[PDB]
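See below for the structure under consideration.
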Amino acid sequence: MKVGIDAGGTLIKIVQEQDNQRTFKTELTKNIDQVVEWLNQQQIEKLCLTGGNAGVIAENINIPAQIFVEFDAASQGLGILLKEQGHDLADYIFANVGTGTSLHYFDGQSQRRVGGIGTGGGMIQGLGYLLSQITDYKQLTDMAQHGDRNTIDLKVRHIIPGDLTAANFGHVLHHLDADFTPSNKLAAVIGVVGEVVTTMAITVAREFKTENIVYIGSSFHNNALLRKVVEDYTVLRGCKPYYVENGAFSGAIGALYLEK
Amino acid sequence: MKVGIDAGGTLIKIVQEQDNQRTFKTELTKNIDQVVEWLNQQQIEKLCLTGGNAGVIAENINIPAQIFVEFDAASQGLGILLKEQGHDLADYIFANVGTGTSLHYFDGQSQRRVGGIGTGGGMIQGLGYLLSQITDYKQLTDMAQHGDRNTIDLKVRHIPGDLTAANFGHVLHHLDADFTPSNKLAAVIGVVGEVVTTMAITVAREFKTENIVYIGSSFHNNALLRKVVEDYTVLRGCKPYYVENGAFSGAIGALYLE
Ligand SMILES: Nc1ncnc2c1ncn2[C@@H]1O[C@H](COP(=O)(O)OP(=O)(O)NP(=O)(O)O)[C@@H](O)[C@H]1O
Ligand SMILES: Nc1ncnc2c1ncn2[C@@H]1O[C@H](COP(=O)(O)OP(=O)(O)NP(=O)(O)O)[C@@H](O)[C@H]1O
Ligand SMILES: [Mg+2]
Ligand SMILES: [Mg+2]
């Protein structure tokens, strides 16, 4: 088999390919040593790595490894997944919502980083923990799904489509009578992260004259709400959103594809 | 006397221009009736309004007032506040950090809105409350001035060093709980200031200008927020500009769009 790995600061994404069948696997970066042991007890044709922790895995294994720069790997992997899923875009902005968020413009041939921002999955987890004391990712995200943001966010609807948020968390001081439940607070956290990401995305989309915006990154994992927030807001701000199944593995898949 | 008022959704900013001496005053929008009561019992040579609640004031006062578009009023007033305070700029992006945040590109002639985001003073108050149960504004902002964001935010250094790789991204690695009300509130202010700067920085590049001016009542009694935006703006490659009384840009502008 062939193995493509994207070892990020939070999650390690692994793509195993064999007999024209690829398996996706995700492990926490805190358990990177476990990924190392797993690799050594495996017979591998080619190992391709990317991500900030590629080196940590490389210097502790017993076979050579081809390492690639993450932005180009992600870009290549994403292009492959898009085509496999029926999308044929001439150009687009792709936002990799990982620990933080990186924005890239793909002109149809190559990618270039055009922006980044501290709002992403790490904030969802971090701020999410501060507001609910929940550390388990699945528990955190599951809970957020059924939350109501109306008593927390101030929208145009309350005071440009009425669906636009005028101020995130700007309604709180108007509902001190309300029950700011864990579910509601988390939904608002996801709301602001999603909206900020989208607002940055549609801004660069306008700048680089593309109306297509592709969303990837593990932050969407087990979080339907985040995806809904971004897709909807993207439409509202006038661009076309595209979610990619297993898009979080764009880097791992791209790395494998780039092997020489 | 001449009076310029920017009646926003949260704060009513009032500027009084004597012969050539101006005084500033802020009141809560919830007490707009008091502002009207006040105005009627006043002798005003000229009253100019702007902001979403201008209409409420206009139809309840006993004298005819002129109402202006907030974007143009702010631009006009800001441009005056700059020229006065010595800033002569060929162009710039100005960020109005009010309840929410509005982004404008002034091309040297006029302004044009190029962006808007929900992160601003409303979030500071709302998320601030959810993290400290503090309702009083002065109290909330004061408490945040002395906080340390190091155990809360994940920085590039933790992995341009002082850049933030993930707001609140360090929280799970410091669950020891040195998450004092002050450190939390400071982190709330940090992400708001950074998101605003990032957006400003991006549209500044899109519209080819190295200048970014920051105004808004959100900066009131919050030196941390001003410091956050000014420092981050440097890191992203542009030059920041802060104007004293900049939150009164609209009020001032309304009196000068004559
Ligand atoms: N099992 C999981 N555990 C924790 N976080 C998860 C999990 N699944 C998804 N996530 C979320 O996904 C985010 C990580 O996204 P990801 O695209 O993997 O970034 P990364 O590669 O680790 N970081 P970077 O190196 O900065 O590119 C986390 O911050 C979570 O919000
Ligand atoms: N005394 C105060 N009380 C409440 N908020 C204050 C006060 N001083 C400053 N602020 C902050 O200032 C923000 C309001 O900024 P401001 O520029 O006045 O917006 P606005 O004009 O009311 N909004 P908009 O209707 O959207 O134009 C609040 O959300 C607070 O963060
Ligand atoms: Mg990554
Ligand atoms: Mg305002």
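Reminder, nothing fancy here: chain letters follow the sequence lines and each chain counts from 1. Numbering of ligands and ligand atoms starts at 1, following listing order. Note that these values count all heavy atoms, side chains included, but never hydrogens, waters or copies made by symmetry.
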Using distance alone, decide if ligand 1 has a nitrogen or oxygen within less than 3.5 Å of any nitrogen or oxygen in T10(A).
yes

Heavy-atom nearest neighbour in the protein, as seen from atom 9 (C) of ligand 2, with distance rounded to 0.1 Å
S217(B) O, 3.0 Å

In terms of residue, atom name and distance, what is the protein heavy atom nearest to atom 10 (N) of ligand 2?
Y137(B) CZ, 3.3 Å

Check ligand 2 against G122(B) and write out every atom of the ligand that is under 4.0 Å from a heavy-atom position of the residue.
29 (O)

N/O separation below 3.5 Å, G217(A) to ligand 1
no

Close N or O approach (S219(A), ligand 1; < 3.5 Å)
yes

Hey, is ligand 1 close enough to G9(A) that some N/O pair sits below 3.5 Å?
yes

With a 3.5 Å distance limit and no angle check, can you tell me whether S250(A) reaches the backbone of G77(A) through a side-chain donor-acceptor pair?
no

Going by the atom numbers of ligand 2, which of them fall below 4.0 Å from some non-hydrogen atom of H220(B)?
8 (N), 9 (C)

For atom 30 (C) of ligand 1, what's the nearest protein heavy atom and its distance?
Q125(A) NE2, 3.4 Å

Just wondering, more than 12 heavy atoms not from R113(A) lying within 6.0 Å of its CZ?
yes

Between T99(B) and ligand 2, does any nitrogen or oxygen pair lie at a separation below 3.5 Å?
yes

Taking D136(A) for its side chain and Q139(A) for its backbone only, find out whether a donor-acceptor pair lies under 3.5 Å.
yes

Counting distance only, does the side-chain N/O of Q145(A) pair as donor-acceptor with the main-chain N or O of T141(A) below 3.5 Å?
yes

Could you check whether any side-chain N or O of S132(B) sits under 3.5 Å from a backbone N or O of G128(B), counting only pairs where one atom can act as donor and the other as acceptor?
yes

Look at atom 27 (O) of ligand 1 and say which protein heavy atom is nearest, naming residue and atom and giving the distance to 0.1 Å.
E70(A) OE1, 3.9 Å

I want to confirm something. Looking only at heavy atoms, which of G98(A), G121(A), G120(A) is nearest to atom 14 (C) of ligand 1?
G98(A)

We want to know whether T165(A) and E195(A) form a side-chain donor-acceptor pair, criterion being a heavy-atom distance below 3.5 angstrom.
yes

Do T199(A) side-chain atoms and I117(B) backbone N/O form a donor-acceptor pair below 3.5 Å?
no

Which part of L28(A) is near ligand 1, with near meaning a heavy atom under 4.0 Å away: side chain, backbone, both or neither?
side chain

Above 12 or not: heavy atoms from other molecules or residues under 6.0 Å from NE2 of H146(B)?
no

Can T119(B) and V191(B) be said to form a side chain to side chain contact (heavy atoms under 4.5 Å, CB included), step by step?
CA-CA 9 Å; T119(B) 57; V191(B) 66; over 6 Å; no

Of all the atoms in ligand 2, which lie at a distance below 4.0 Å from a heavy atom belonging to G8(B)?
21 (O), 22 (O), 25 (O)

Would you please determine whether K13(B) falls within less than 4.0 Å of ligand 2 on a heavy-atom basis?
yes

Greater than 12 external heavy atoms within 6.0 Å of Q133(B)'s CD
no

